[PDB]
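Colleague: Encoded as structure tokens, here's the structure I'll be asking about.
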Amino acid sequence: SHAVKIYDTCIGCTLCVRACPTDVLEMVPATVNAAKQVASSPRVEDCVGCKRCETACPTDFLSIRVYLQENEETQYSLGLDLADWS
Amino acid sequence: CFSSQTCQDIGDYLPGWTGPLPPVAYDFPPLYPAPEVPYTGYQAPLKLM
Amino acid sequence: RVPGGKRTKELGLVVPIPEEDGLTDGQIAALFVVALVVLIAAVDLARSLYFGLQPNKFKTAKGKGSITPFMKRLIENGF
Amino acid sequence: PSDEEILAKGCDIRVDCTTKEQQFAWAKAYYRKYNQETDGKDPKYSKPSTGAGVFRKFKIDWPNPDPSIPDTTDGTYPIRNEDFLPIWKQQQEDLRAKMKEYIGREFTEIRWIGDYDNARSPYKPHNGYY
Amino acid sequence: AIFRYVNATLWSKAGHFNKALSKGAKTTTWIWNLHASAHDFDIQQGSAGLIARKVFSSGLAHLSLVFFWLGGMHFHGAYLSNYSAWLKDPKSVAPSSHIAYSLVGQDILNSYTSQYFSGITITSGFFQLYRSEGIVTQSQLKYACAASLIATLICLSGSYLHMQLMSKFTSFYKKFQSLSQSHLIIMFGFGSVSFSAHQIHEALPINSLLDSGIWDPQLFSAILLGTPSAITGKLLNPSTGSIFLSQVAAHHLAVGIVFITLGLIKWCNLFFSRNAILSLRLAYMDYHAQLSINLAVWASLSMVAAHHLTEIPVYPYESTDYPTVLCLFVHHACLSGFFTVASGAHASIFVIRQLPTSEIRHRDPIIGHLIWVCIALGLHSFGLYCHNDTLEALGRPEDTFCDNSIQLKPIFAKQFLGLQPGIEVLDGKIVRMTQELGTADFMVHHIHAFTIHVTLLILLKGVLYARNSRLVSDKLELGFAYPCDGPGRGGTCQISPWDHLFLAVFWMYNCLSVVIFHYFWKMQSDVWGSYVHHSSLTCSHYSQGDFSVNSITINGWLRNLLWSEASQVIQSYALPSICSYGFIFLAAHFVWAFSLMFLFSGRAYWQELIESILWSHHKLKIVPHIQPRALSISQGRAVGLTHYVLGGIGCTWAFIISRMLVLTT
Ligand code: CLA
Ligand code: CLA
Ligand SMILES: CC1=C(C#C/C(C)=C/C=C/C(C)=C/C=C/C=C(C)/C=C/C=C(C)/C=C/[C@@]23O[C@]2(C)C[C@@H](O)CC3(C)C)C(C)(C)C[C@H](O)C1
Ligand SMILES: CC1=C(/C=C/C(C)=C/C=C/C(C)=C/C=C/C=C(C)/C=C/C=C(C)/C=C/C2=C(C)CCCC2(C)C)C(C)(C)CCC1
Ligand SMILES: CC1=C(C/C=C(\C)CCC[C@H](C)CCC[C@H](C)CCCC(C)C)C(=O)c2ccccc2C1=O
């Protein structure tokens with residue numbers, strides 16, 4: 001699976017969460033920024049690696065980073081449809 | 001009439017045909033008489049012949 | 001030969017062929033014996049490379065390990 | 001001398017054949033003896049099949065053959081509709097004579113850049129309308 | 001109707017049409033997007049009425065452009081051409097309405113065409129077209145040019161007017177029944193009848209006089225006079241080597257009558273199976289659906305034109321004008337391919353913007369079987385060539401697929417003309433000759449089928465998987481032209497219908513290049529050439545009939561067609577006639593190679609290089625406020641594709657035209 005990390009530069013605009021195609025991310029309460037919320041990545045097992053969160057991130061450099069891990073590819077991260085590894 | 005049979009003539013293709021026009025035994029006469037003696041700027045009607 | 005080279009045809013270059021093969025069956029057999037020894041050693045080496053180092057050996061293997069005095073001197077000298 | 005004795009003596013730079021001319025003479029003798037100009041491939045594979053007038057030899061289209069392709073295998077193509085050419089020449093000559101008589105004067109070559117008055121124009125001719 | 005709203009104020013805004021370009025010129029990507037979306041009237045600011053306005057007015061403006069081009073052609077023929085010399089003696093003088101300057105030694109390009117004329121030999125067949133039309137005077141050509149210019153002005157005025165005449169209530173463009181009926185009865189039926197009238201009344205007497213040899217002004221200013229009872233096409237004009245123009249006029253009269261009859265039966269509702277097409281009628285009332293259908297129709301008609309303009313001779317002396325016939329075939333084949341890939345593109349756009357038809361719901365079997373047929377066709381067809389190569393190299397011709405060896409006879413390729421035995425000749429040239437099909441024709445035709453099927457596979461996959469797929473389920477949300485969906489799910493590169501076209505264009509170009517090479521080599525080897533003397537002639541062909549013996553191997557194609565026949569273009573530098581063709585050969589090679597830059601590289605390298613370069617500009621205080629950017633991914637693909645196709649087409653163009661020009665002169 002890929003690694004989706006969030007950094008404190010986050011401003012809690014929720015655009016990453018809204019752009020998530022498989023609902024990997026969710027906003028959580030925080031005090032670091034004025035919006036009082038920061039995106040989290042609890043369901044990183046479903047991350048496919050499309051980097052749409054990264055596309056939608058406003059900050060100067062991304063407060064959300066998706067690191068691709070081709071060696072640890074799973075069926076959920078590969079979006080397998082015709083074949084099942086479960 | 002296309003591949004096994006080599007039809008050389010229009011008569012072969014369509015029975016009873018021998019030329020560009022259909023084989024009608026009617027000679028189409030002129031609907032109106034023509035001037036025996038012409039005049040400058042006449043442009044007599046063309047003939048399909 | 002049916003040469004296809006312009007220079008070969010022009011200069012009459014030839015590929016001379018011997019009347020008898022250079023090596024005999026016994027010589028080829030000896031070379032193949034050496035090659036077989038190489039192959040056995042190479043299979044052993046490939047197995048060793050595949051399995052890598054075994055740090056568990058100190059638990060069961062015979063002996064108490066040994067470092068050559070020159071290796072000890074190198075270690076003391078350092079890098 | 002001759003290739004047989006040249007090859008019998010043989011060439012060896014180390015001992016006697018220190019002469020490049022002798023070396024290449026022996027090489028030429030060996031070449032003539034052991035090399036062939038061509039592999040000897042059958043000439044048939046080089047001959048054309050289509051467009052050379054020898055198509056019928058191969059029997060490629062035997063079932064319901066195409067009439068337009070000549071049956072002769074000599075490699076020559078007859079001219080299609082030969083009989084019409086004399087007829088066409090006669091028709092065109094007859095039409096030429098007919099139009100010559102109809103006009104009443106010799107045909108005059110048209111000018112690409114020239115200007116001609118219309119035969120029915122009401123004004124006096126400037127350039128002959130023909 | 002209100003023309004007070006057309007002002008030049010918007011001319012300097014440069015991006016008003018697209019709302020996404022409101023933040024003008026923050027980067028060079030803005031310039032590129034402006035150009036890319038200039039003519040995408042659907043996504044532009046306004047309404048559906050405005051979209052229709054723009055579509056119709058742009059069609060009229062392009063009509064005016066084409067009329068201007070035709071008028072320029074007529075003017076060049078009239079004033080900058082040797083049409084007079086060609087008309088009096090077509091064989092001796094090559095057509096040339098093209099003259100070059102003497103700027104830098106550039107006068108070398110002009111070549112001997114006549115005693116008093118030097119220029120560039122044209123290959124469009126315009127001289128033959130004029131001769132068929134009966135145009136034999138500079139005055140006639142000048143008035144044709146004047147008519148074309150007047151039509152250009154009229155079309156320009158019509159576009160400008162219709163930009164405001166049509167309002168939001170305008171609906172005449174949605175009256176498909178009226179549109180089709182009018183086009184079928186008037187534009188096609190009445191048009192064909194009127195052109196038959198024109199032929200009968202103007203071209204037939206002039207052409208008959210020209211065939212006879214009469215050049216008298218009074219004569220230039222009795223149908224079926226010379227045509228025998230022989231079937232049309234079975235007997236060519238002995239003095240011109242083309243179908244009788246009276247037969248052509250009768251054809252046009254019959255075609256116009258048939259079109260009028262079809263329109264009238266449709267008007268009377270005689271056609272009954274409306275329900276079988278009602279689904280398409282409801283679904284495909286869209287701009288892009290109609291554009292795709294029309295593009296495919298015109299592509300197929302262009303291919304049929306390419307085949308017929310050569311196989312069936314109708315223009316005077318075009319049969320013996322070998323460069324003309326070759327160039328016409330190649331040009332129309334290329335247009336066929338381009339318009340077919342265009343039809344695929346706009347089918348994909350229609351699927352994206354509108355609801356698709358129900359054949360998309362079993363798309364997996366369709367594309368799966370197409371994939372299988374493509375694989376099997378390619379394997380067999382190309383592996384026969386590879387087998388021939390390998391076996392011939394090994395020295396076993398008896399094991400290869402050829403007429404002498406194992407032979408693959410095209411049993412289904414059967415005659416239908418029923419022509420008489422022999423060939424038709426005209427002044428030392430073979431105007432018409434039957435093409436004899438064998439193993440080489442079988443193999444090349446199956447190669448053609450393979451390439452066509454692979455191009456169709458790419459286009460159909462793009463069309464059917466445009467809305468969604470197993471990989472990505474929101475491709476509809478992504479749109480039509482996007483680079484990817486991300487590196488995820490393994491990587492979603494080129495999943496868009498735009499990229500499917502970007503690949504189908506490569507495959508169409510490959511198919512058309514093979515088709516061009518097949519036509520060129522087959523015609524040179526087995527059809528074209530001269531003859532040496534009931535009489536029997538031995539026909540000396542330009543390529544010496546080597547297609548049937550050498551085309552069976554890829555090495556034969558490489559040697560006897562590319563290398564052997566590139567002697568003219570490769571050795572064209574000293575020759576005044578074709579030095580330009582040699583230089584264009586070289587430059588097209590350069591451009592094709594230069595395209596690989598964009599086809600292989602990626603955006604990020606160039607963006608980083610641009611930033612490193614911009615460091616120095618900033619250091620020296622050269623600050624471009626339209627910040628430089630690397631070309632987008634889709635733009636890089638488009639640029640690479642354009643340069644690739646242009647370079648390949650230019651190489652083929654120069655090679656074939658140089659060969660033909662040298663051989664015929
Ligand atoms: C200044 C350059 C120039 C100009 C202005 C023209 C103008 C014209 N040529 Mg062309 N021509 C040129 C150079 C030029 N030519 C050269 C260098 C040659 C080689 C000798 C020719 C050979 C030639 C022939 C043989 C003919 C013409 C014709 C024409 C007319 C066609 C209308 C037209 O272009 O539509 C616009 C068309 C296009 C934009 C075509 C685009 C796609 C082409 C076909 C792709 C082919 C490859 C391409 C040429 C090179 C790619 C590589 C390159 C980037 C390095 C027009 C008068 C025809 C005619 O009827 O003339 C009266 C004609 O028969 N020309
Ligand atoms: C794989 C697909 C394919 C394609 C795209 C083409 C394309 C072409 N073939 Mg055909 N051809 C095919 C297969 C194909 N062929 C096969 C398998 C054979 C048998 C070896 C032939 C034998 C053949 C000959 C002898 C000739 C052509 C020719 C042609 C041309 C069309 C005109 C014609 O006569 O077609 C005829 C098409 C056929 C005879 C094939 C029929 C369609 C398929 C095979 C039906 C199979 C369906 C079946 C019910 C179920 C199969 C189930 C599966 C699990 C096994 C064109 C280049 C002609 C040509 O122009 O040659 C120069 C020609 O002379 N083909
Ligand atoms: C077992 C046993 C006992 C015993 C015993 C006894 C007496 C055993 C005797 C064994 C004996 C007498 C064994 C000979 C072998 C000969 C060989 C392998 C020769 C190979 C030769 C080779 C491989 C040569 C090959 C070639 O080079 C050649 C020649 C030519 C070259 O062109 C190349 C080649 C490669 C082709 C004890 C001591 C009595 C009691 C104990 O308790 C148990
Ligand atoms: C350019 C070009 C081309 C070509 C084109 C063409 C050539 C087309 C056609 C065109 C045409 C050729 C058209 C036609 C038209 C015609 C018409 C449209 C007509 C109409 C008619 C009418 C309208 C009638 C009227 C009338 C009269 C006469 C009077 C009274 C009666 C009536 C009303 C009936 C192509 C495609 C290749 C593309 C490229 C280039
Ligand atoms: C080279 C390259 C670039 C860099 C190329 C750029 C930025 C193009 C430069 C544009 C110039 C400024 C346009 C002006 C036109 C030329 C300078 C004209 C030259 C004409 C000669 C005859 C002199 C990309 O950005 C790129 C992006 C994605 C895939 C591949 C590539 C790619 O291959």
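Within each chain, counting starts at residue 1; across the structure tokens, chains are named A, B, ... in the order shown, with ligands numbered 1 upward in that order.
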What does the list of residues within 7 Å of ligand 5 look like if you count only C-alpha atoms and all ligand atoms, written as a PDB file with C-alpha atoms, in the first residue's frame?
Modeller:
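Dumped to result20.pdb:
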ATOM      1  CA  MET E 597      11.930  14.461 -28.383  1.00  0.00           C
ATOM      2  CA  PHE E 598       8.356  15.243 -27.355  1.00  0.00           C
ATOM      3  CA  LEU E 599       7.116  11.694 -27.897  1.00  0.00           C
ATOM      4  CA  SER E 601      10.394  12.899 -22.909  1.00  0.00           C
ATOM      5  CA  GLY E 602       8.201  14.198 -20.093  1.00  0.00           C
ATOM      6  CA  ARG E 603       6.988  17.472 -18.649  1.00  0.00           C
ATOM      7  CA  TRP E 606      11.679  20.423 -19.096  1.00  0.00           C
ATOM      8  CA  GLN E 607      10.010  22.343 -16.275  1.00  0.00           C
ATOM      9  CA  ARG E 629       6.251  26.861 -18.266  1.00  0.00           C
ATOM     10  CA  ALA E 630       6.905  23.511 -19.876  1.00  0.00           C
ATOM     11  CA  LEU E 631       4.267  22.350 -22.332  1.00  0.00           C
ATOM     12  CA  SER E 632       1.413  20.447 -20.733  1.00  0.00           C
ATOM     13  CA  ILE E 633       1.376  16.665 -21.072  1.00  0.00           C
ATOM     14  CA  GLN E 635       0.265  19.440 -25.603  1.00  0.00           C
ATOM     15  CA  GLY E 636       3.586  17.604 -25.627  1.00  0.00           C
ATOM     16  CA  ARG E 637       1.825  14.544 -27.003  1.00  0.00           C
TER      17      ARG E 637
END
Colleague: Could you list, as a list in words, all protein and nucleic acid residues with an atom at most 8 Å from ligand 2, counting only C-alpha atoms and all ligand atoms?
Modeller: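 With only C-alpha atoms and all ligand atoms and a cut-off of 8 Å, ligand 2 is contacted by residues 373, 374, 376, 377, 408, 409, 410, 411, 412, 413, 414, 437, 438, 439, 441, 442, 443, 444, 445, 446, 447, 448, 449, 450 and 453 of chain E.
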Colleague: Please produce a file of those selected residues containing N, CA, C and O atoms, as a short mmCIF file (atom, residue, chain, number, x, y, z; two decimals), in the first residue's frame.
Modeller:
data_model
loop_
_atom_site.label_atom_id
_atom_site.label_comp_id
_atom_site.auth_asym_id
_atom_site.auth_seq_id
_atom_site.Cartn_x
_atom_site.Cartn_y
_atom_site.Cartn_z
N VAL E 373 -8.93 -10.51 -33.06
CA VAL E 373 -8.80 -10.50 -34.51
C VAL E 373 -7.59 -9.68 -34.93
O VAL E 373 -6.88 -10.04 -35.87
N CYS E 374 -7.32 -8.58 -34.22
CA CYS E 374 -6.12 -7.80 -34.51
C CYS E 374 -4.87 -8.63 -34.29
O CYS E 374 -3.96 -8.64 -35.12
N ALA E 376 -4.52 -11.95 -34.23
CA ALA E 376 -4.42 -13.05 -35.19
C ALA E 376 -4.05 -12.53 -36.57
O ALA E 376 -3.19 -13.11 -37.25
N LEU E 377 -4.69 -11.45 -37.01
CA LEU E 377 -4.37 -10.87 -38.31
C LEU E 377 -2.91 -10.44 -38.37
O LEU E 377 -2.20 -10.77 -39.31
N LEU E 408 -0.24 -18.52 -51.80
CA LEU E 408 -1.52 -18.19 -51.18
C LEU E 408 -2.35 -17.44 -52.22
O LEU E 408 -2.28 -16.22 -52.34
N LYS E 409 -3.13 -18.20 -52.98
CA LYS E 409 -3.87 -17.64 -54.10
C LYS E 409 -5.08 -16.86 -53.60
O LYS E 409 -5.87 -17.39 -52.80
N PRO E 410 -5.27 -15.60 -54.02
CA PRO E 410 -6.51 -14.87 -53.65
C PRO E 410 -7.71 -15.33 -54.46
O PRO E 410 -8.10 -14.75 -55.48
N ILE E 411 -8.34 -16.41 -54.01
CA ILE E 411 -9.42 -17.02 -54.78
C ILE E 411 -10.61 -16.07 -54.90
O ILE E 411 -11.30 -16.05 -55.93
N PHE E 412 -10.88 -15.28 -53.86
CA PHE E 412 -12.06 -14.43 -53.86
C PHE E 412 -11.89 -13.17 -54.70
O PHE E 412 -12.89 -12.53 -55.03
N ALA E 413 -10.66 -12.80 -55.04
CA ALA E 413 -10.42 -11.60 -55.83
C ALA E 413 -10.76 -11.92 -57.28
O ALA E 413 -9.92 -12.35 -58.06
N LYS E 414 -12.02 -11.69 -57.64
CA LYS E 414 -12.54 -12.05 -58.95
C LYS E 414 -12.90 -10.79 -59.74
O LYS E 414 -13.29 -9.77 -59.17
N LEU E 437 -3.26 -10.53 -59.51
CA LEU E 437 -3.12 -10.75 -58.08
C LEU E 437 -2.52 -12.12 -57.80
O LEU E 437 -2.88 -13.11 -58.44
N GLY E 438 -1.59 -12.16 -56.84
CA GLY E 438 -0.96 -13.40 -56.45
C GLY E 438 -0.67 -13.46 -54.96
O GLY E 438 -1.38 -12.85 -54.16
N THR E 439 0.37 -14.20 -54.59
CA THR E 439 0.72 -14.33 -53.18
C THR E 439 1.08 -12.98 -52.58
O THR E 439 0.70 -12.67 -51.44
N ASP E 441 0.04 -9.99 -53.45
CA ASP E 441 -1.18 -9.22 -53.24
C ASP E 441 -1.97 -9.75 -52.06
O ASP E 441 -2.50 -8.97 -51.26
N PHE E 442 -2.07 -11.07 -51.93
CA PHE E 442 -2.72 -11.66 -50.77
C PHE E 442 -2.10 -11.15 -49.47
O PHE E 442 -2.79 -10.65 -48.58
N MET E 443 -0.78 -11.27 -49.37
CA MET E 443 -0.08 -10.87 -48.15
C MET E 443 -0.25 -9.39 -47.86
O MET E 443 -0.53 -9.00 -46.72
N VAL E 444 -0.10 -8.54 -48.88
CA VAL E 444 -0.17 -7.11 -48.64
C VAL E 444 -1.60 -6.70 -48.29
O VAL E 444 -1.81 -5.80 -47.46
N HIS E 445 -2.60 -7.33 -48.90
CA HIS E 445 -3.98 -7.01 -48.57
C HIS E 445 -4.31 -7.41 -47.14
O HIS E 445 -5.04 -6.70 -46.44
N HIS E 446 -3.78 -8.54 -46.68
CA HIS E 446 -4.03 -8.92 -45.30
C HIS E 446 -3.26 -8.03 -44.33
O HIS E 446 -3.73 -7.78 -43.21
N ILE E 447 -2.10 -7.52 -44.74
CA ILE E 447 -1.43 -6.49 -43.94
C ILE E 447 -2.31 -5.25 -43.83
O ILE E 447 -2.44 -4.65 -42.76
N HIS E 448 -2.91 -4.85 -44.95
CA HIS E 448 -3.83 -3.71 -44.94
C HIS E 448 -4.97 -3.95 -43.96
O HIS E 448 -5.31 -3.07 -43.16
N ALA E 449 -5.58 -5.13 -44.03
CA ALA E 449 -6.68 -5.45 -43.13
C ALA E 449 -6.24 -5.41 -41.68
O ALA E 449 -6.95 -4.88 -40.81
N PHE E 450 -5.06 -5.96 -41.39
CA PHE E 450 -4.53 -5.94 -40.03
C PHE E 450 -4.39 -4.51 -39.51
O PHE E 450 -4.84 -4.18 -38.41
N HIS E 453 -7.70 -2.83 -38.90
CA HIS E 453 -8.37 -3.36 -37.72
C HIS E 453 -7.73 -2.84 -36.44
O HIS E 453 -8.43 -2.60 -35.46
#
Colleague: Counting only C-alpha atoms, collect the residues of chain D whose closest atom lies at most 7 Å from chain C, and write them out as a PyMOL selection string.
Modeller: chain D and resi 27-28+30-31+34-39
Colleague: Save the residues we just selected, N, CA, C and O atoms, as a CSV table (one decimal), in the first residue's frame?
Modeller:
chain,number,residue,atom,x,y,z
D,27,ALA,N,46.6,-16.5,-52.3
D,27,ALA,CA,45.2,-16.2,-51.9
D,27,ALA,C,44.2,-16.3,-53.0
D,27,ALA,O,43.1,-16.8,-52.9
D,28,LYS,N,44.6,-15.7,-54.2
D,28,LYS,CA,43.7,-15.8,-55.4
D,28,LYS,C,43.5,-17.2,-55.9
D,28,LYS,O,42.4,-17.6,-56.3
D,30,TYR,N,43.6,-19.9,-54.0
D,30,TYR,CA,42.7,-20.6,-53.1
D,30,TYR,C,41.3,-20.1,-53.3
D,30,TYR,O,40.3,-20.8,-53.2
D,31,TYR,N,41.1,-18.8,-53.5
D,31,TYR,CA,39.8,-18.2,-53.8
D,31,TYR,C,39.2,-18.8,-55.0
D,31,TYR,O,38.0,-19.3,-54.9
D,34,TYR,N,38.1,-22.5,-54.1
D,34,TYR,CA,37.2,-22.9,-53.0
D,34,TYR,C,36.0,-21.9,-52.9
D,34,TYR,O,35.1,-22.2,-52.1
D,35,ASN,N,35.9,-20.9,-53.7
D,35,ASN,CA,34.9,-19.9,-53.6
D,35,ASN,C,34.0,-19.9,-54.8
D,35,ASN,O,34.5,-20.1,-55.9
D,36,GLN,N,32.7,-19.6,-54.7
D,36,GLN,CA,31.8,-19.6,-55.8
D,36,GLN,C,31.1,-18.2,-55.9
D,36,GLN,O,30.9,-17.6,-54.9
D,37,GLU,N,30.9,-17.8,-57.1
D,37,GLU,CA,30.4,-16.5,-57.4
D,37,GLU,C,29.0,-16.3,-56.8
D,37,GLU,O,28.7,-15.3,-56.1
D,38,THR,N,28.1,-17.3,-56.9
D,38,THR,CA,26.8,-17.3,-56.4
D,38,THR,C,26.4,-18.6,-55.8
D,38,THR,O,27.0,-19.6,-56.0
D,39,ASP,N,25.4,-18.5,-54.9
D,39,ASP,CA,24.9,-19.7,-54.2
D,39,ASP,C,24.3,-20.7,-55.1
D,39,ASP,O,24.0,-21.9,-54.7
Colleague: Please write out the residues within 10 Å of ligand 4 as a list in words, counting only C-alpha atoms and all ligand atoms.
Modeller: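 Using only C-alpha atoms and all ligand atoms, everything at most 10 Å from ligand 4 comes to residues 63, 66, 67, 69, 70, 182, 183, 185, 186, 187, 188, 189, 190, 191, 192, 193, 194, 195, 196, 198, 298, 301, 302, 305 and 332 of chain E.
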Colleague: Export N, CA, C and O atoms of the chosen residues as a compact mmCIF listing (two decimals), in the first residue's frame?
Modeller:
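part-v3.txt written:
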# COMPACT_ATOMS: atom_id res chain seq x y z
N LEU E 63 -15.75 27.94 -45.87
CA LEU E 63 -16.18 27.90 -47.26
C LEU E 63 -15.53 29.02 -48.06
O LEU E 63 -15.05 28.80 -49.18
N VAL E 66 -11.89 28.19 -48.71
CA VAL E 66 -11.72 27.22 -49.78
C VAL E 66 -11.96 27.87 -51.14
O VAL E 66 -11.28 27.57 -52.12
N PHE E 67 -12.95 28.76 -51.21
CA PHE E 67 -13.20 29.47 -52.47
C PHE E 67 -12.02 30.35 -52.84
O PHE E 67 -11.66 30.46 -54.01
N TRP E 69 -8.90 29.75 -52.04
CA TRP E 69 -7.85 28.85 -52.50
C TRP E 69 -8.11 28.40 -53.94
O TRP E 69 -7.18 28.36 -54.76
N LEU E 70 -9.36 28.07 -54.26
CA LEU E 70 -9.69 27.67 -55.62
C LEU E 70 -9.48 28.82 -56.60
O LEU E 70 -8.99 28.62 -57.72
N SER E 182 -33.41 18.89 -48.46
CA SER E 182 -32.87 19.94 -49.33
C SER E 182 -31.54 19.52 -49.92
O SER E 182 -31.30 19.68 -51.12
N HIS E 183 -30.65 18.96 -49.09
CA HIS E 183 -29.34 18.55 -49.60
C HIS E 183 -29.47 17.43 -50.62
O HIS E 183 -28.74 17.41 -51.61
N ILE E 185 -32.12 16.60 -52.58
CA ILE E 185 -32.85 16.92 -53.81
C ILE E 185 -32.18 18.03 -54.60
O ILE E 185 -32.05 17.94 -55.82
N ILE E 186 -31.73 19.09 -53.92
CA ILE E 186 -31.21 20.27 -54.61
C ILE E 186 -29.69 20.18 -54.72
O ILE E 186 -29.14 20.21 -55.83
N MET E 187 -29.01 20.07 -53.58
CA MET E 187 -27.55 20.12 -53.59
C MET E 187 -26.96 18.96 -54.38
O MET E 187 -25.94 19.13 -55.07
N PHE E 188 -27.57 17.78 -54.31
CA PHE E 188 -27.04 16.59 -54.96
C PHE E 188 -27.77 16.27 -56.26
O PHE E 188 -27.15 16.17 -57.32
N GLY E 189 -29.09 16.11 -56.20
CA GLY E 189 -29.85 15.78 -57.39
C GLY E 189 -29.81 16.86 -58.45
O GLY E 189 -29.34 16.63 -59.57
N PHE E 190 -30.31 18.05 -58.10
CA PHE E 190 -30.30 19.16 -59.04
C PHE E 190 -28.88 19.55 -59.41
O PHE E 190 -28.61 19.94 -60.54
N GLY E 191 -27.95 19.47 -58.45
CA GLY E 191 -26.56 19.77 -58.76
C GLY E 191 -25.99 18.86 -59.82
O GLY E 191 -25.35 19.30 -60.77
N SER E 192 -26.23 17.55 -59.68
CA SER E 192 -25.73 16.59 -60.66
C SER E 192 -26.41 16.79 -62.01
O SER E 192 -25.75 16.71 -63.05
N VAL E 193 -27.72 17.05 -62.02
CA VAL E 193 -28.41 17.28 -63.28
C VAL E 193 -27.86 18.53 -63.97
O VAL E 193 -27.62 18.54 -65.18
N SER E 194 -27.63 19.59 -63.20
CA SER E 194 -27.10 20.83 -63.77
C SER E 194 -25.69 20.63 -64.29
O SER E 194 -25.33 21.20 -65.33
N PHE E 195 -24.87 19.85 -63.59
CA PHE E 195 -23.52 19.62 -64.10
C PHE E 195 -23.54 18.74 -65.34
O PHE E 195 -22.70 18.92 -66.23
N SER E 196 -24.46 17.79 -65.42
CA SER E 196 -24.63 17.04 -66.66
C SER E 196 -25.01 17.97 -67.80
O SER E 196 -24.51 17.84 -68.92
N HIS E 198 -24.21 21.15 -67.97
CA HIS E 198 -23.00 21.90 -68.29
C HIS E 198 -22.09 21.09 -69.19
O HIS E 198 -21.57 21.59 -70.19
N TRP E 298 -17.08 11.11 -45.35
CA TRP E 298 -16.17 11.76 -46.28
C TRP E 298 -14.82 11.06 -46.33
O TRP E 298 -14.17 11.06 -47.38
N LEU E 301 -15.53 8.17 -48.67
CA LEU E 301 -15.65 8.69 -50.03
C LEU E 301 -14.30 9.13 -50.58
O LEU E 301 -14.03 8.97 -51.77
N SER E 302 -13.43 9.68 -49.72
CA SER E 302 -12.09 10.06 -50.16
C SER E 302 -11.27 8.83 -50.53
O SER E 302 -10.51 8.87 -51.51
N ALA E 305 -12.53 7.68 -53.80
CA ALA E 305 -12.01 8.59 -54.81
C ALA E 305 -10.56 8.27 -55.14
O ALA E 305 -10.17 8.24 -56.31
N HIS E 332 -5.66 11.64 -51.42
CA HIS E 332 -7.01 11.30 -50.98
C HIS E 332 -6.99 10.14 -49.98
O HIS E 332 -7.83 10.11 -49.08
Colleague: Apply DSSP to the structure's backbone, then extract all residues of chain D labelled helix (DSSP H, G or I) and return them as number ranges by chain.
Modeller: D: 3-9, 20-34, 43-46, 55-58, 84-103
Colleague: I'd like the interatomic distance between atom CA of residue 474 of chain E and atom CA of residue 360 of chain E, to a tenth of an Å.
Modeller: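 Straight-line distance from atom CA of residue 474 of chain E to atom CA of residue 360 of chain E works out to 16.0 Å.
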Colleague: Residues within 6 Å of ligand 1 (only C-alpha atoms and all ligand atoms), as a list in words?
Modeller: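 These are the residues that qualify: residues 73, 97, 98, 120, 121, 122, 123, 124, 580, 581, 584, 587, 588, 646, 647, 649, 650 and 653 of chain E.
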Colleague: Using only C-alpha atoms, please write the residues we just selected to a file, as a short mmCIF file (atom, residue, chain, number, x, y, z; two decimals), in the first residue's frame.
Modeller:
data_model
loop_
_atom_site.label_atom_id
_atom_site.label_comp_id
_atom_site.auth_asym_id
_atom_site.auth_seq_id
_atom_site.Cartn_x
_atom_site.Cartn_y
_atom_site.Cartn_z
CA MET E 73 -5.49 28.03 -58.24
CA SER E 97 1.35 26.57 -62.89
CA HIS E 98 4.03 27.17 -60.25
CA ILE E 120 7.71 23.63 -60.91
CA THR E 121 5.70 20.69 -62.23
CA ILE E 122 2.29 20.55 -60.53
CA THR E 123 0.72 17.23 -59.57
CA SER E 124 -2.86 18.22 -58.67
CA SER E 580 13.88 21.03 -53.56
CA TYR E 581 12.47 17.53 -53.18
CA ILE E 584 12.56 18.44 -48.25
CA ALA E 587 14.29 18.27 -43.65
CA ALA E 588 11.36 15.88 -43.18
CA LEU E 646 4.45 15.65 -40.79
CA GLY E 647 8.01 14.36 -41.06
CA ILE E 649 4.49 12.29 -44.73
CA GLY E 650 7.09 14.74 -46.03
CA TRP E 653 5.91 12.85 -50.41
#
